[PDB]
Amino acid sequence: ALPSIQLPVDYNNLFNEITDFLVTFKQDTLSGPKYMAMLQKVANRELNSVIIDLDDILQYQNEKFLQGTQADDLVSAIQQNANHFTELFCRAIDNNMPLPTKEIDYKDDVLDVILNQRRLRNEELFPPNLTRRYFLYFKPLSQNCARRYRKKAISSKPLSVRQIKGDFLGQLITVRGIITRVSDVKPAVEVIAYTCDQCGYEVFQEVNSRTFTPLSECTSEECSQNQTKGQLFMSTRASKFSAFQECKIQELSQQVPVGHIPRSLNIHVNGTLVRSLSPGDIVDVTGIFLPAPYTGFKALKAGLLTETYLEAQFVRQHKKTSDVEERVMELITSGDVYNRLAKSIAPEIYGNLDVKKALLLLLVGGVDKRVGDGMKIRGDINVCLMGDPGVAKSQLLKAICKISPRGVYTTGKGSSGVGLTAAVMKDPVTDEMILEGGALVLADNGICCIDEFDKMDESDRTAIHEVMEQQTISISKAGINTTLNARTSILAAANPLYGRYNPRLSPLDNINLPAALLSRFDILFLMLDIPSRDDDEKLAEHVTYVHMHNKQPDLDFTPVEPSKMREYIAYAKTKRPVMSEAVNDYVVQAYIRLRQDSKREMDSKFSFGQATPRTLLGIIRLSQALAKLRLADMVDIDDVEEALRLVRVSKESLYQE
Amino acid sequence: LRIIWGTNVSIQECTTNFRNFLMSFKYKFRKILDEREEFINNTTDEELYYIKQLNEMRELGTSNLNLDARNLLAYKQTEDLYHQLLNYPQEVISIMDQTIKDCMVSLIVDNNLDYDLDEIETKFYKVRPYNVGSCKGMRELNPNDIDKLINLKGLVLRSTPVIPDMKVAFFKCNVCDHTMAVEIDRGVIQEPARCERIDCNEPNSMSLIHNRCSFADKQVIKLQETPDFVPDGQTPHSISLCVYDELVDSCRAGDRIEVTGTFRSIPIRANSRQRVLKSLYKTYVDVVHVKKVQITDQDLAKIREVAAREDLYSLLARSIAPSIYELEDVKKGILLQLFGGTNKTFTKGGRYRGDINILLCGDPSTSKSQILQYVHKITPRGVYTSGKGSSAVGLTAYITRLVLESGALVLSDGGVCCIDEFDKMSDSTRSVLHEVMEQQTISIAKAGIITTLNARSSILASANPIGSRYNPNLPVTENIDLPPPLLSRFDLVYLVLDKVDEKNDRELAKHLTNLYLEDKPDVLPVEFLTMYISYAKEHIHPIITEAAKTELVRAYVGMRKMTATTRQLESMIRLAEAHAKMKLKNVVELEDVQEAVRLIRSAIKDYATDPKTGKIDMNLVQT
DNA sequence: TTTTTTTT
Ligand SMILES: Nc1ncnc2c1ncn2[C@@H]1O[C@H](COP(=O)(O)OP(=O)(O)OP(O)(O)=S)[C@@H](O)[C@H]1O
Ligand SMILES: Nc1ncnc2c1ncn2[C@@H]1O[C@H](COP(=O)(O)OP(=O)(O)OP(O)(O)=S)[C@@H](O)[C@H]1O
Ligand SMILES: [Mg+2]
Ligand SMILES: [Mg+2]
Ligand SMILES: [Zn+2]
Ligand SMILES: [Zn+2]
C-alpha cells in the first residue's frame with residue numbers, strides 16, 4: 001500500500017543547495033550574481049524565460065567540493081528526474097525573486113491590476129504558476145568538458161530516436177535529427193480562473209493534464225457563506241495562458257540501421273521556445289523525456305503501455321557579430337578573397353577554377369530588386385552545367401549543396417515535377433487536399449541541385465520554368481488556389497545528348513534544351529573533357545594525393561573552412577551595392593555588341609542562341625555579386641568586364657576546341 | 001462608480017471622454033494628429049466630424065458607426081480610451097455603443113427634431129472601429145494577444161452559410177403553461193429550476209421551446225494570411241473568422257479585405273459526451289469592422305479633366321505598366337480589357353457580355369509574365385496562376401463536402417483572370433476553359449452535382465510559340481499551334497517578337513539600367529487610375545452608333561472577304577464599346593471602331609503579316 | 001460509387 005522506499009536524495013537539501021547556487025553563483029571565471037541579474041531582469045519583466053545551465057551547476061559543484069561540501073551533485077541529479085527539479089528551481093527562483101527595478105511592465109497587466117485588488121478584497125491562496133511569468137529552462141551539459149567522463153556515459157551525446165530507451169523516461173536527453181513536421185502554435189492554460197457573481201470570488205483551477213473537466217460549482221466561501229450554489233464562469237483574461245506547439249523529429253538516414261524504417265518522436269514545446277524550430281532542418285534538441293498519459297477509456301484500453309513524448313529544454317542548430325567581424329577582416333586583409341574562396345571551393349576537385357568562381361558568384365546571389373512602380377526582378381542566379389559524363393559535375397553539386405546552409409540536393413528521375421515544386425496530398429486527414437512544399441519550397445532562400453537535368457521530364461522542366469524566372473509558385477490545383485513566394489537559387493547538371501558533346505553537332509543541338517529554358521539560366525557552362533597528357537598527369541597526381549592523403553595536396557594554396565565561407569558569404573550578401581552610370585554605358589554597349597553578334601551569328605557552328613534582355617539582367621546580377629564579394633558599395637566596371645569574361649569563357653570553351 | 005473589472009478603466013470617465021469625443025471633436029483634431037497642416041480645410045477640419053456623421057446617420061437611420069483609431073488618438077480625452085479599447089475591447093465597445101445611442105437620443109431631443117425617439121431607443125447603435133493597430137502577421141499571433149483588437153489583412157478563402165446564433169432562450173411551463181425568456185449569457189442558458197410563477201413553481205416543468213426562442217445570425221469565413229505577411233518557410237495560414245449581424249454575408253470568396261476584430265479563444269470538448277475540455281483552446285476572431293481592399297465631386301472633376309486630356313488613351317496605356325518599356329499597343333489592349341465592354345443582358349437570346357479576352361503568345365523574355373503580374377495587381381478581383389500548377393478541376397469547380405469548391409475562374413467572376421504559361425497548360429483543361437469563357441458561365445454535370453455557375457470574367461493568357469522563338473518560317477497559326485476554336489475564343493492576340501533593333505535595344509537597356517541606378521525607383525496615380533476605370537464601368541455605358549454599326553458591318557465584311565468568325569465581329573464590337581468607355585462615352589463612335597480594327601491588326605501584326613503563307617516578315621515586323 | 005491528385 002504505497003510502501004515507502006528510501007532513496008539517496010533529500011529535496012530539502014537539494015533545494016537549499018539550489019538557492020545557495022542561484023544567489024551565490026556568478027560567471028566570475030568567464031568575467032551581482034548572473035542568476036540574480038537574470039532574476040532582476042525578470043523583475044523588470046525584461047525576460048520571461050530562464051535558462052539554468054547544467055554546466056554552471058557543475059562549476060558551482062566543483063567550487064563547493066574544492067571548498068569542501070556535502071555536495072548533492074545537483075548537475076547529475078537533474079538528469080535522473082528533471083521535471084520535479086524544474087519545479088524546485090522555479091520555487092527557489094520565486095523565493096529568491098528580487099523586487100522590481102526601474103519601471104515595472106505592469107502598466108495594464110490584468111493580473112497585477114486585479115491580483116492586488118483580489119487581495120484587498122481578501123484583506124497558497126492562488127497557484128504560484130498564475131503569478132509566475134518566467135519560463136524556466138535548462139541548457140544541456142557542454143560535451144567539450146565531459147568532466148563527468150565515467151559519469152558522462154553519453155549524456156550530451158545526441159541519440160537517434162531508436163537510440164532512445166524507456167529507461168531514459170523522466171530524464172533529460174539529447175537527440176539529433178530532422179524536424180519532419182511542425183504544428184501551428186496554439187494556446188494552453190496553466191491555470192484556469194472561474195468567476196461567479198454570487199461569491200464575487202475568482203477561484204483558480206490549475207490544470208496539468210492534457211484535458212480537464214470544468215468545476216461548474218463554487219467551493220468559494222462567499223457562496224458557501226450565504227449557502228448559495230455558485231454558477232462559475234470561465235474568465236480567459238483571468239485564466240493563465242501559454243503558447244504551445246508540437247514538432248516531430250525523425251531519424252537521420254545515417255542514424256537509421258540498414259533495412260530499418262526511420263523512427264520519429266513527437267516533441268512538445270511551450271513558452272518562449274515555441275516556433276524556434278523549423279521543419280525539415282537538422283537540429284540537436286535537449287529536453288525532458290516523459291510519458292504521455294491517456295484519456296480514461298483509451299487508458300483502460302492501453303493499460304500499462306504508455307505513449308511518450310519530449311519536452312525540449314533547449315535547441316541547437318547545426319547551422320543558421322563582432323567576433324564574426326574580426327574573423328572576416330582577417331580574410332579581407334589576407335586579400336584576393338574572391339580567388340582564394342573559389343579555390344577553397346571543392347578542394348577535392350582539381351582545376352575548373354573558373355567554374356568554382358562562377359559557383360561562388362551564384363552562392364552570394366545577385367541583388368533582389370523591387371521598383372516603385374511595383375516591378376520586382378529576380379536577383380537570384382541560375383547556372384547550368386552541360387558536359388561530358390564523369391567530369392565531377394555531380395560531385396561539385398553535392399559539395400555546393402553541403403556548403404550552402406539551406407542547400408538541397410535532388411535528381412531529376414528521383415524527383416517528380418509536382419514533388420519538386422509542390423504536391424497536393426488528397427488525404428492527409430479527412431480526405432482534404434493539402435498543398436505540400438516541394439523540393440524548391442525546401443530550397444527557399446537556398447540552392448537546389450538538380451542532376452541529370454537533361455534526363456528530367458520536359459513537362460516538369462516547363463514546370464520549373466515558372467519558379468526559376470519568377471520566384472513565386474502559383475498553384476490552382478483542385479481545392480487549392482494559392483501562391484508561394486518560393487525564392488531560391490537553381491543549379492542544374494546535365495550532359496550533351498548522346499551522353500557527350502559532338503563537335504559536328506551545333507552547341508544548341510548538343511544542349512538540346514528549350515530556348516526559353518536556356519535563356520532563363522543566367523549562365524550555361526560547356527565544360528568538356530579532352531585527353532591532355534600533361535593535364536591528365538596533373539589531375540591524376542592531385543587525385544592520387546587525395547587518395548593517399550585525405551587532405552588535397554596543398555599545392556601552395558590555403559583553403560578557408562566551411563563555417564568561415566558561410567559566415568563571409570552572409571556578410572557579403574548583406575551589402576546590396578548600387579551601380580554607376582559609366583558602368584551603364586559600358587554594359588549597354590556590350591549588350592548591343594552581343595545582340596549584333598547573335599543577329600549575325602546564327603551559324604550552327606557558332607550559334608549559342610539569340611541574346612535576350614534576361615542575358616543583360618544576368619550580367620547585371622553577376623556584376624552585383626562580384627561587388628558583393630569585393631564588398632564595394634557600388635558595382636565597378638571591373639566587375640562588369642569580369643562577368644563578360646566569365647560568359648565569354650563559358651562560350652569559348654567549345655570554340656577553343 | 002462604474003469601472004471595468006481588472007483594468008481600472010472607469011466606465012463613467014470612459015463614457016464622459018468618449019462623449020466629448022463624439023461632440024466637440026473637430027476633424028481638425030484628426031488632421032492635426034496626422035499633421036498635414038498644408039492640407040487642412042477649415043470646413044472639414046473645423047467640422048465636428050462625428051457630430052456631422054451622427055446627423056447624416058440619423059438621416060440615413062443606420063445603427064453602425066465606422067470609427068478609425070486616429071480620431072481616438074487625436075482627442076486627448078479619448079486618447080487613453082484608445083489604449084483601453086486596444087487592451088480590453090469588448091467592454092469598451094459596449095460602453096461606446098451605449099454612449100453613441102445616448103448621444104443620438106440627446107441630439108434628437110436637444111435639436112427637437114421630429115424623430116421617433118423610440119426608434120433610436122430601438123436602434124441598437126454600434127461602433128465599427130477600424131485601424132485599431134498596425135497590421136500584424138496573423139502567424140505572429142500569440143496567446144496573450146487574446147482579448148484584443150488585431151487589425152488583420154488577408155484573402156477570403158471561403159465563407160459558411162449563415163448559422164442560427166442563439167440569442168435569447170424562451171421557456172414554458174408544462175403544467176400551467178406560464179412562459180419565461182432566458183437571455184443567453186456567455187453563450188449558455190441558466191434554466192429556471194422551478195416555474196417563475198410562485199403559484200405553480202413546478203420544478204423542471206420549464207421547457208425550452210426552440211422555435212419560440214430568439215436566435216441571431218452568425219457566419220464564419222476562412223481568411224488566408226497574405227503572402228506579404230508570411231515567411232518563405234511555410235505555407236500561409238488561414239483563420240475562420242466568425243462574423244455576425246449585418247457583417248454576415250458581407251463578402252464573397254477571393255476578397256482581399258482588411259478587418260479589425262477582437263482576438264478570441266475558447267475551449268473545445270475533448271469528449272462530446274463529457275464536459276472534459278482539451279487543454280489547448282480553439283481560437284477565432286470576431287470582426288468588429290471590415291475593410292474592402294464614393295467618387296467625390298472632386299474625384300469626378302479629376303476624372304473628367306483627365307478625360308479631357310487627349311493623351312488619355314496613351315496616358316492610361318503607359319500608366320497601367322509604368323515600369324514596362326514600350327509595348328504601348330499591348331498596354332492599350334489590356335487597358336481596354338480592364339475597361340471591358342457593355343453587358344447588354346438581353347431579355348431574350350441570353351445575355352451578351354462585353355468581355356474582352358487577350359492572349360499573349362510570343363518569344364519569351366518579353367516581360368509577358370511581368371505584364372500578367374501587373375494586370376493581376378491592378379484588377380481588384382485578380383486571379384493569377386500557371387497552367388502547370390493549375391488543374392481544370394481547381395481552375396473552375398472542385399467537388400467537396402457534398403459541396404463544390406470555387407475554381408480560379410469562379411474567383412475571377414466579375415474580374416480579371418491571369419493564366420501564366422497558358423500554352424503549357426493542358427489541352428484537356430484548355431477544352432474545359434473553352435466553353436466557360438465562351439458562355440461566361442461554368443456548367444457542371446456530375447453524379448449528384450449537376451448545375452451551372454456564373455463565370456463572367458476576363459482572362460489574360462500568356463503563351464509561347466510552339467517554336468520557343470516564334471519562327472517566321474512557320475505560319476503564325478503554326479507558330480502558336482493552338483486550337484482554332486480556342487484561338488477564336490480569344491479576342492486579341494499580341495505576337496510579341498524580340499526583333500534585334502539596335503536602337504530599341506539601346507533604349508530598353510537605358511531604361512533597365514536607369515531602373516538599376518535608383519535603389520528604389522507621366523502616369524496616372526494607380527489609385528486614381530482605378531477610380532477612373534471603376535467610375536467608367538459603373539456610370540458610363542457605351543451604346544452602338546449608326547456610323548459605328550455601318551463601319552462595323554463594312555469592316556467585318558472585308559475581314560470575312562479576306563478567317564473572320566462572327567466572334568471577330570463581336571470582338572470588334574465589344575472593343576469599340578470598351579474604347580468609348582475609356583473615352584467616358586455612353587455612345588459608341590466610328591473612331592472607336594477604327595481603333596478596334598487598328599489594334600486588331602496591330603496585335604496580330606497584320607501590317608507585317610504575309611498576305612499568303614500565314615507567315616509574317618520579321619523585317620516588316622517593327623519595320 | 002464518384003471524384004480526384006498523385007504516383008506507378
Ligand atoms: N577534376 C576532378 N577532380 C576530382 N575528381 C574528379 C575530377 N574529374 C572527375 N573526378 C572524379 O571522377 C568522377 C566523375 O564522375 P562523378 O563525379 O560521379 O559524376 P560526373 O559524371 O562527373 O558528373 P555528372 O555527369 O553530373 S553525374 C568522380 O568520382 C569524381 O570524383
Ligand atoms: N519591353 C520590355 N520592357 C521591360 N522589360 C522587358 C521588356 N521585354 C522584356 N523585358 C524583361 O525581360 C524579362 C522577361 O520576363 P518574362 O515576363 O518571363 O518575359 P515573357 O514575355 O513572359 O516571356 P516568357 O515568360 O519567358 S514565355 C523580364 O525581366 C522583363 O522585365
Ligand atoms: Mg556527377
Ligand atoms: Mg514571363
Ligand atoms: Zn460563486
Ligand atoms: Zn408553471
# chains A, B, ... in the order shown; residues from 1 in each chain; ligands from 1
>>> select_by_dssp(residues="range 55-284 of chain A", states="strand (DSSP E or B)", output="number ranges by chain")
A: 135-139, 171-182, 186-188, 191-195, 202-206, 211-212, 233-234, 242-250, 264-270, 282-284
>>> interface_residues(of="chain A", to="chain B", cutoff="7 Å", atoms="only C-alpha atoms", output="PyMOL selection string")
chain A and resi 108+110+113-114+186-189+210-214+241-243+370-373+375+444+463+474-481+484-486+514-516+578-580+584+588+592+595+599+612-614
>>> residues_near_ligand(ligand="ligand 6", cutoff="6 Å", atoms="only C-alpha atoms (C1' of nucleotides) and all ligand atoms", output="list in words")
residues 173, 175, 176, 177, 178, 195, 197, 200, 201 and 202 of chain B
>>> interface_residues(of="chain C", to="chain A", cutoff="10 Å", atoms="only C-alpha atoms (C1' of nucleotides)", output="PDB file with N, CA, C and O atoms (P, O5', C5', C4', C3', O3' and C1' of nucleotides), in the first residue's frame")
ATOM      1  P    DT C   4     -13.704  16.159 -59.208  1.00  0.00           P
ATOM      2  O5'  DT C   4     -12.322  15.509 -58.727  1.00  0.00           O
ATOM      3  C5'  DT C   4     -11.785  15.850 -57.456  1.00  0.00           C
ATOM      4  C4'  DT C   4     -10.433  15.193 -57.233  1.00  0.00           C
ATOM      5  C3'  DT C   4      -9.490  15.232 -58.423  1.00  0.00           C
ATOM      6  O3'  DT C   4      -8.753  16.445 -58.463  1.00  0.00           O
ATOM      7  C1'  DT C   4      -9.545  13.030 -57.503  1.00  0.00           C
ATOM      8  P    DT C   5      -7.768  16.740 -59.697  1.00  0.00           P
ATOM      9  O5'  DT C   5      -6.317  16.421 -59.115  1.00  0.00           O
ATOM     10  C5'  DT C   5      -5.711  17.324 -58.206  1.00  0.00           C
ATOM     11  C4'  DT C   5      -4.716  16.611 -57.313  1.00  0.00           C
ATOM     12  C3'  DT C   5      -3.305  16.487 -57.898  1.00  0.00           C
ATOM     13  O3'  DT C   5      -2.340  16.970 -56.972  1.00  0.00           O
ATOM     14  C1'  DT C   5      -4.092  14.367 -57.171  1.00  0.00           C
ATOM     15  P    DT C   6      -0.816  17.187 -57.428  1.00  0.00           P
ATOM     16  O5'  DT C   6      -0.192  15.722 -57.358  1.00  0.00           O
ATOM     17  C5'  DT C   6      -0.301  14.971 -56.159  1.00  0.00           C
ATOM     18  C4'  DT C   6       0.050  13.513 -56.393  1.00  0.00           C
ATOM     19  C3'  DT C   6       1.084  13.261 -57.475  1.00  0.00           C
ATOM     20  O3'  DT C   6       2.399  13.358 -56.954  1.00  0.00           O
ATOM     21  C1'  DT C   6      -0.680  11.600 -57.464  1.00  0.00           C
ATOM     22  P    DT C   7       3.660  13.064 -57.902  1.00  0.00           P
ATOM     23  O5'  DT C   7       3.754  11.469 -57.924  1.00  0.00           O
ATOM     24  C5'  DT C   7       3.836  10.756 -56.702  1.00  0.00           C
ATOM     25  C4'  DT C   7       3.602   9.274 -56.916  1.00  0.00           C
ATOM     26  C3'  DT C   7       4.616   8.591 -57.842  1.00  0.00           C
ATOM     27  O3'  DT C   7       5.259   7.521 -57.169  1.00  0.00           O
ATOM     28  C1'  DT C   7       2.385   8.025 -58.454  1.00  0.00           C
TER      29       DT C   7
END
>>> residues_around(residues="residue 602 in chain A", least_positions_apart="5", cutoff="12 Å", atoms="only C-alpha atoms (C1' of nucleotides)", output="PDB file with N, CA and C atoms, in the first residue's frame")
ATOM      1  N   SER A 506      25.778  21.234 -83.538  1.00  0.00           N
ATOM      2  CA  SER A 506      25.857  22.605 -83.078  1.00  0.00           C
ATOM      3  C   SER A 506      25.794  22.648 -81.556  1.00  0.00           C
ATOM      4  N   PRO A 507      26.311  23.716 -80.945  1.00  0.00           N
ATOM      5  CA  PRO A 507      26.242  23.798 -79.478  1.00  0.00           C
ATOM      6  C   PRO A 507      24.822  23.701 -78.960  1.00  0.00           C
ATOM      7  N   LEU A 508      23.873  24.344 -79.641  1.00  0.00           N
ATOM      8  CA  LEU A 508      22.482  24.260 -79.217  1.00  0.00           C
ATOM      9  C   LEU A 508      21.956  22.838 -79.345  1.00  0.00           C
ATOM     10  N   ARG A 595      24.202  41.458 -78.924  1.00  0.00           N
ATOM     11  CA  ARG A 595      22.990  41.259 -79.705  1.00  0.00           C
ATOM     12  C   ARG A 595      23.286  41.333 -81.192  1.00  0.00           C
ATOM     13  N   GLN A 596      24.136  42.271 -81.606  1.00  0.00           N
ATOM     14  CA  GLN A 596      24.524  42.336 -83.011  1.00  0.00           C
ATOM     15  C   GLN A 596      25.259  41.069 -83.425  1.00  0.00           C
ATOM     16  N   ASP A 597      26.157  40.587 -82.566  1.00  0.00           N
ATOM     17  CA  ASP A 597      26.853  39.337 -82.842  1.00  0.00           C
ATOM     18  C   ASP A 597      25.857  38.221 -83.110  1.00  0.00           C
ATOM     19  N   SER A 607      26.469  29.060 -83.225  1.00  0.00           N
ATOM     20  CA  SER A 607      25.181  29.545 -82.744  1.00  0.00           C
ATOM     21  C   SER A 607      24.927  29.014 -81.337  1.00  0.00           C
ATOM     22  N   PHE A 608      24.817  29.926 -80.373  1.00  0.00           N
ATOM     23  CA  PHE A 608      24.516  29.586 -78.989  1.00  0.00           C
ATOM     24  C   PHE A 608      23.151  30.096 -78.549  1.00  0.00           C
ATOM     25  N   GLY A 609      22.336  30.580 -79.477  1.00  0.00           N
ATOM     26  CA  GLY A 609      21.050  31.154 -79.152  1.00  0.00           C
ATOM     27  C   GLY A 609      21.100  32.673 -79.105  1.00  0.00           C
ATOM     28  N   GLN A 610      19.981  33.285 -79.474  1.00  0.00           N
ATOM     29  CA  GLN A 610      19.915  34.735 -79.548  1.00  0.00           C
ATOM     30  C   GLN A 610      20.003  35.356 -78.159  1.00  0.00           C
ATOM     31  N   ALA A 611      20.718  36.472 -78.075  1.00  0.00           N
ATOM     32  CA  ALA A 611      20.789  37.220 -76.831  1.00  0.00           C
ATOM     33  C   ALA A 611      19.424  37.807 -76.492  1.00  0.00           C
TER      34      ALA A 611
END
>>> select_by_dssp(residues="range 328-438 of chain A", states="alpha helix (DSSP H)", output="PyMOL selection string")
chain A and resi 328-334+337-344+353-364+393-403+417-421
>>> closest_residue(among="A:542, A:413, A:378, A:147", to="ligand 4", atoms="only C-alpha atoms and all ligand atoms")
A:378
>>> atom_distance(atom1="CA of residue 83 in chain A", atom2="CA of residue 310 in chain A")
11.8 Å
>>> residues_near_ligand(ligand="ligand 5", cutoff="10 Å", atoms="only C-alpha atoms (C1' of nucleotides) and all ligand atoms", output="list in words")
residues 194, 195, 196, 197, 198, 199, 200, 201, 202, 203, 216, 217, 218, 219, 220, 221, 222, 223, 224, 228, 229, 230, 231, 232 and 233 of chain A
>>> residues_near_ligand(ligand="ligand 3", cutoff="12 Å", atoms="only C-alpha atoms (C1' of nucleotides) and all ligand atoms", output="ChimeraX atom specification")
/A:349,385-399,411,449-453,492-495
>>> write_last_selection(atoms="N, CA and C atoms", output="mmCIF file, in the first residue's frame")
data_model
loop_
_atom_site.group_PDB
_atom_site.id
_atom_site.type_symbol
_atom_site.label_atom_id
_atom_site.label_comp_id
_atom_site.auth_asym_id
_atom_site.auth_seq_id
_atom_site.Cartn_x
_atom_site.Cartn_y
_atom_site.Cartn_z
ATOM 1 N N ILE A 349 38.171 18.686 -55.776
ATOM 2 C CA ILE A 349 38.192 18.798 -57.226
ATOM 3 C C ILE A 349 39.430 19.563 -57.664
ATOM 4 N N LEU A 385 25.147 23.423 -66.017
ATOM 5 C CA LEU A 385 26.408 22.772 -66.344
ATOM 6 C C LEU A 385 26.126 21.647 -67.327
ATOM 7 N N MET A 386 26.639 21.787 -68.544
ATOM 8 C CA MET A 386 26.359 20.861 -69.631
ATOM 9 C C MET A 386 27.687 20.295 -70.114
ATOM 10 N N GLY A 387 27.968 19.043 -69.762
ATOM 11 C CA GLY A 387 29.286 18.492 -70.015
ATOM 12 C C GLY A 387 29.274 16.990 -70.159
ATOM 13 N N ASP A 388 30.399 16.472 -70.645
ATOM 14 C CA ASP A 388 30.546 15.041 -70.829
ATOM 15 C C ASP A 388 30.514 14.335 -69.475
ATOM 16 N N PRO A 389 30.120 13.065 -69.446
ATOM 17 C CA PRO A 389 29.960 12.377 -68.162
ATOM 18 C C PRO A 389 31.283 12.194 -67.438
ATOM 19 N N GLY A 390 31.186 12.039 -66.120
ATOM 20 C CA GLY A 390 32.343 11.682 -65.318
ATOM 21 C C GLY A 390 33.355 12.788 -65.143
ATOM 22 N N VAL A 391 32.933 14.046 -65.259
ATOM 23 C CA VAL A 391 33.831 15.180 -65.083
ATOM 24 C C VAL A 391 33.631 15.858 -63.731
ATOM 25 N N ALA A 392 33.160 15.120 -62.726
ATOM 26 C CA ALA A 392 32.992 15.595 -61.356
ATOM 27 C C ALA A 392 31.826 16.558 -61.197
ATOM 28 N N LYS A 393 30.966 16.689 -62.208
ATOM 29 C CA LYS A 393 29.848 17.617 -62.091
ATOM 30 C C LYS A 393 28.989 17.286 -60.878
ATOM 31 N N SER A 394 28.563 16.028 -60.752
ATOM 32 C CA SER A 394 27.723 15.652 -59.621
ATOM 33 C C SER A 394 28.434 15.918 -58.302
ATOM 34 N N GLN A 395 29.714 15.553 -58.218
ATOM 35 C CA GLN A 395 30.480 15.831 -57.011
ATOM 36 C C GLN A 395 30.449 17.314 -56.678
ATOM 37 N N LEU A 396 30.620 18.164 -57.688
ATOM 38 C CA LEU A 396 30.608 19.600 -57.451
ATOM 39 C C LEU A 396 29.265 20.057 -56.901
ATOM 40 N N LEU A 397 28.170 19.558 -57.475
ATOM 41 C CA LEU A 397 26.852 19.958 -56.997
ATOM 42 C C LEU A 397 26.632 19.511 -55.560
ATOM 43 N N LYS A 398 27.035 18.285 -55.229
ATOM 44 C CA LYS A 398 26.891 17.827 -53.851
ATOM 45 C C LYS A 398 27.723 18.681 -52.906
ATOM 46 N N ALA A 399 28.942 19.029 -53.320
ATOM 47 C CA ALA A 399 29.782 19.884 -52.494
ATOM 48 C C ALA A 399 29.108 21.223 -52.246
ATOM 49 N N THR A 411 17.708 14.838 -57.773
ATOM 50 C CA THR A 411 17.950 14.227 -59.072
ATOM 51 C C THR A 411 16.644 14.215 -59.848
ATOM 52 N N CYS A 449 19.884 21.642 -56.068
ATOM 53 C CA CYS A 449 20.763 20.985 -57.021
ATOM 54 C C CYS A 449 19.994 19.889 -57.743
ATOM 55 N N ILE A 450 19.978 19.965 -59.069
ATOM 56 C CA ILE A 450 19.273 19.010 -59.911
ATOM 57 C C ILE A 450 20.292 18.343 -60.820
ATOM 58 N N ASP A 451 20.431 17.030 -60.684
ATOM 59 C CA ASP A 451 21.322 16.252 -61.526
ATOM 60 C C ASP A 451 20.532 15.676 -62.688
ATOM 61 N N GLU A 452 21.260 15.161 -63.679
ATOM 62 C CA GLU A 452 20.655 14.558 -64.865
ATOM 63 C C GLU A 452 19.523 15.429 -65.397
ATOM 64 N N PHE A 453 19.684 16.745 -65.263
ATOM 65 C CA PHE A 453 18.590 17.647 -65.594
ATOM 66 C C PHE A 453 18.098 17.417 -67.013
ATOM 67 N N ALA A 492 21.742 23.355 -62.104
ATOM 68 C CA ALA A 492 21.343 22.174 -62.855
ATOM 69 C C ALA A 492 22.568 21.524 -63.477
ATOM 70 N N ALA A 493 22.607 20.196 -63.443
ATOM 71 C CA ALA A 493 23.674 19.413 -64.051
ATOM 72 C C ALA A 493 23.073 18.514 -65.121
ATOM 73 N N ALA A 494 23.690 18.503 -66.299
ATOM 74 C CA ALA A 494 23.211 17.689 -67.404
ATOM 75 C C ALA A 494 24.366 17.424 -68.354
ATOM 76 N N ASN A 495 24.133 16.521 -69.301
ATOM 77 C CA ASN A 495 25.162 16.149 -70.252
ATOM 78 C C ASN A 495 24.631 16.257 -71.675
#
>>> decode(residues="range 192-204 of chain A", atoms="N, CA and C atoms", output="tab-separated table (two decimals), in the first residue's frame")
chain	number	residue	atom	x	y	z
A	192	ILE	N	-6.66	27.89	-14.70
A	192	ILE	CA	-7.95	28.36	-15.17
A	192	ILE	C	-8.64	29.05	-14.01
A	193	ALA	N	-9.15	30.26	-14.26
A	193	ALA	CA	-9.83	31.05	-13.24
A	193	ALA	C	-11.30	31.17	-13.63
A	194	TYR	N	-12.19	30.76	-12.73
A	194	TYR	CA	-13.62	30.94	-12.90
A	194	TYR	C	-14.08	32.10	-12.03
A	195	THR	N	-15.03	32.87	-12.54
A	195	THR	CA	-15.63	33.98	-11.80
A	195	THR	C	-17.12	33.73	-11.66
A	196	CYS	N	-17.61	33.81	-10.43
A	196	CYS	CA	-19.03	33.71	-10.13
A	196	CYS	C	-19.48	34.96	-9.40
A	197	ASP	N	-20.56	35.57	-9.89
A	197	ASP	CA	-21.07	36.80	-9.29
A	197	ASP	C	-21.53	36.56	-7.86
A	198	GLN	N	-22.19	35.42	-7.60
A	198	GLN	CA	-22.76	35.17	-6.29
A	198	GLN	C	-21.70	35.28	-5.20
A	199	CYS	N	-20.57	34.61	-5.39
A	199	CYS	CA	-19.46	34.79	-4.45
A	199	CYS	C	-18.76	36.12	-4.68
A	200	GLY	N	-18.59	36.51	-5.94
A	200	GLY	CA	-17.60	37.52	-6.26
A	200	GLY	C	-16.19	37.04	-6.06
A	201	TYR	N	-16.00	35.73	-5.89
A	201	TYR	CA	-14.70	35.12	-5.69
A	201	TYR	C	-14.23	34.51	-7.01
A	202	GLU	N	-12.96	34.71	-7.32
A	202	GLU	CA	-12.35	34.18	-8.54
A	202	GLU	C	-11.49	32.98	-8.17
A	203	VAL	N	-12.09	31.78	-8.21
A	203	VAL	CA	-11.34	30.57	-7.95
A	203	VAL	C	-10.29	30.38	-9.04
A	204	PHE	N	-9.27	29.58	-8.73
A	204	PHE	CA	-8.13	29.38	-9.62
A	204	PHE	C	-7.88	27.88	-9.77
